[PDB]
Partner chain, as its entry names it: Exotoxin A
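The data below hold one chain only, encoded as structure tokens and taken in the form deposited without its partner chain.
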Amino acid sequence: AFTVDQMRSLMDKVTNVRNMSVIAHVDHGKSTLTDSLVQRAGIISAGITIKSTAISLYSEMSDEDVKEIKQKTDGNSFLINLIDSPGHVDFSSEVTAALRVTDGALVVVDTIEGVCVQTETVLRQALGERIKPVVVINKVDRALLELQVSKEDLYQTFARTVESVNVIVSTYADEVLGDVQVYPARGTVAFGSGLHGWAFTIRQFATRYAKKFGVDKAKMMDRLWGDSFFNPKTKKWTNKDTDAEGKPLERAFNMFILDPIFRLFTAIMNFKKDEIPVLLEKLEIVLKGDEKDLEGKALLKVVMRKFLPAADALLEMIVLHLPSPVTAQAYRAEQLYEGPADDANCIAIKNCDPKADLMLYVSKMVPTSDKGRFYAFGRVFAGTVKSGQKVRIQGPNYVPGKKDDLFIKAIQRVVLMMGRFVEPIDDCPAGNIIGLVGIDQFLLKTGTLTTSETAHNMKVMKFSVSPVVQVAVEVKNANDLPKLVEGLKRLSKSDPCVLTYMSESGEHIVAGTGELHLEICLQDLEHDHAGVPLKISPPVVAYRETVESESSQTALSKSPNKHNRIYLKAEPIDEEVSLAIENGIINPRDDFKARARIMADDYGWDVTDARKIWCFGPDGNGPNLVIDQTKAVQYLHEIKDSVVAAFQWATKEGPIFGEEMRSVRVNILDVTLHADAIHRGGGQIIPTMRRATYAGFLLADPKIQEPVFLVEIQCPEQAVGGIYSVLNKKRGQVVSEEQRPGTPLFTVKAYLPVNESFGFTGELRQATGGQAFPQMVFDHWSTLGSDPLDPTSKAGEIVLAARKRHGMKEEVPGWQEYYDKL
């Protein structure tokens, strides 16, 4: 327990500060180990509550051991900050940002299950941020009490684990740090049981056995591990697992360390009453009061704790081997700064200089009971933040040349994040971890607070600023529609990042930056902007009705007089052309000379068609045509207006299910009209044309076309695999994967069926730890090979569902009901 003054004092000596976190796979013991640490070293102040993000630990070392510290030191006291980052192990972004404020890690590894997958994934992440590790093989009790392991066996398991780790380390750690591998002999690997409350390091033993009988420790600890043996008989040290007579010799580690431990377990767990007292007498393990009447487990726990207090071993490695802000910021400053390595600020970070311009990294915002408020949490890398001081909050985006929506505000208060409690402080010098009240609105998630103008931003998580999620929105009571329409306009004004629009299928669509963004946009819309009961739903997809080939036989249809008859056929127009029609290159409003040249010379159509085309449909200019290939027909030109209108009709709503036609060309092969106008007017022709087209259409191997998005995702070469996994489950098709010379992030491009997209952006982030950054756009129509008229096929399923939704007959009228024989 300390006072704000006491605390502030600890903060001045940043050489004696340790910023770290416990890295561990699930269930390996991280929670219990940290509590172990908190119970002995945890710090308190001597009602606002917050979500614990970090804890302060206090540890004082001996004048001697303090000399074992190969790094600038000042005093015997140390302030250790145990940062906490346990959510979604996969989400590398979320994690990395958090690990970024630490300089060291206590890597935990189970004795039995050793180094595994989740383990090396976090260890590799750490190395990524240039963090130095130390290991603790935990749950050693498990190996004994359960597996009945033998001394040489256990040693082997440890050696194995230690070796595995180092592979990960050397194979990935930067050379700019020097061999950062872990060595049991050098005291950077601990062994113990977090649960039972005991652990040890080679150093602890070597040091003890180093004064009991004056002998140097450095030398001694090198022997207490590896292939060094001590022949009891010869009274000498050997490097041979066999003596002169070739006879077996016991390893130093097993002889002087493991053995004492193994004996204590046997003598206790076997209730050997007589040996216990003496065994304890030789190890100098003194028990008090009632403790002398414990048995088995209950006694073993008490003894081991008194013998090898787990805290001491862990605290030792942290103080003697994990770097101080000073030591680390020197070789970590590069990566932490987006700007030039010679910049003023980048150099301050290098120097953990408190007198410089502020370089404060906001790691994340944290929820408090201070009424919806969030205190900013992070590290002061350069300069010193002060309560009141004005600061330049620099968002994820910001750049020194653009007002870029910066934010120059005043730190309402600087505070210590003591677990669930905060304590007001005046200022805080570089190298410390700290919390800030008053930046709730100006920033969300990562950020940077500088006091300089040339000051660039520090390496923070990047954002998603493209519309990647959307839903259709409808009012529940028809009469509120105008309120929804007005609300949608309001929503947009108040939010530069929201997008609203009308779907081809007449729906109000609202798209957001990510799921959460969308969620609030909807809440805001329903209860504020429009204030009306809404109905959110997956938007309805539009399809196109087309033909795969020409009518298998002339389509014939007689008017309701039986007087007039149309013989036509249909065939598929080419995509290139439909596209030209659609993009306005082949336009109905252009002079004929222009249109004629284009279709004949650039799109290779017969030079005589352009003059026979009667119209484009639907709406006069759609990618569908009526070419008059008749001949001796007398009054052929008297019905033109009717045929055109009938065409504008059939193309707006095809026969498969009322969707627009696309790429359809109808050839009016022949017509046998009447002689008098009385029996050929509108009412008689339209019905014949319309009907005959449907007949032609249906007879031309009809098909449906589905809309398809073009999606572009930028993501880390590692997570790039998730992109593929999701896309495979959604009929997606990869178009290209292009590398970036410096591996800052590959960019994958692929086609994703629109009807295969609801929830995609969400699934993408899940399969990539939010590492992938998508953006998508409508790109093209694509014919489905399946048969639209067979309810079982993908297409038939679609049509079925559609007709159903529409309240149409579920069955699709075959061509015959449109065809007219004899």
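C-alpha atoms forming the largest set that superposes within 1.5 Å between two forms make up the rigid core. Numbering follows the first chain given and starts at 1.
One more form of this protein should be noted, the form solved in complex with its partner chain, which is absent from this view; the next part is about it.
Contact check for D5: every heavy atom lies farther than 4.5 Å from its partner chain in the deposited bound form. Its partner chain in the deposited bound form comes within 4.5 Å of a heavy atom belonging to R691. Contact annotation: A801 falls outside 4.5 Å of its partner chain in the deposited bound form, judged by heavy atom distances. Its partner chain is not drawn, but in the deposited bound form it has a heavy atom within 4.5 Å of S505. For the options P424, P560, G87, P248, the one in contact with its partner chain in the deposited bound form, meaning a heavy atom within 4.5 Å, is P560. Checked against its partner chain in the deposited bound form, the candidates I686, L443, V577, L727 yield a single residue with a heavy atom inside 4.5 Å, and that residue is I686. Contact here is defined as any heavy atom lying within 4.5 Å of its partner chain in the deposited bound form, and by that definition not a single one of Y58, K67 and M304 is a contact residue.
Remark: of stretches 200-208, 332-340, 488-496, 678-686, the one touching its partner chain in the deposited bound form is 678-686 (heavy atom within 4.5 Å).
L516 is the only residue from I408, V117, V167, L516 whose Cα shifts by 2 Å or more between this form and the one not shown, the rigid core being superposed. Core-superposed comparison between this form and the one not shown: the CA of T688 exceeds or equals a 2 Å shift.
A movement of the C-alpha atom of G29 falling short of 2 angstroms is seen between this form and the one not shown when the two forms are aligned on their rigid core. In this overlay on the rigid core, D591 has a C-alpha that sits 2 Å or more away from its partner position between this form and the one not shown. Compared with the form shown here, the Cα atoms of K459 and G721 sit 3 Å or more farther apart in the deposited bound form. In the deposited bound form, the Cα atoms of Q335 and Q714 sit 3 Å or more nearer to each other than they do here.
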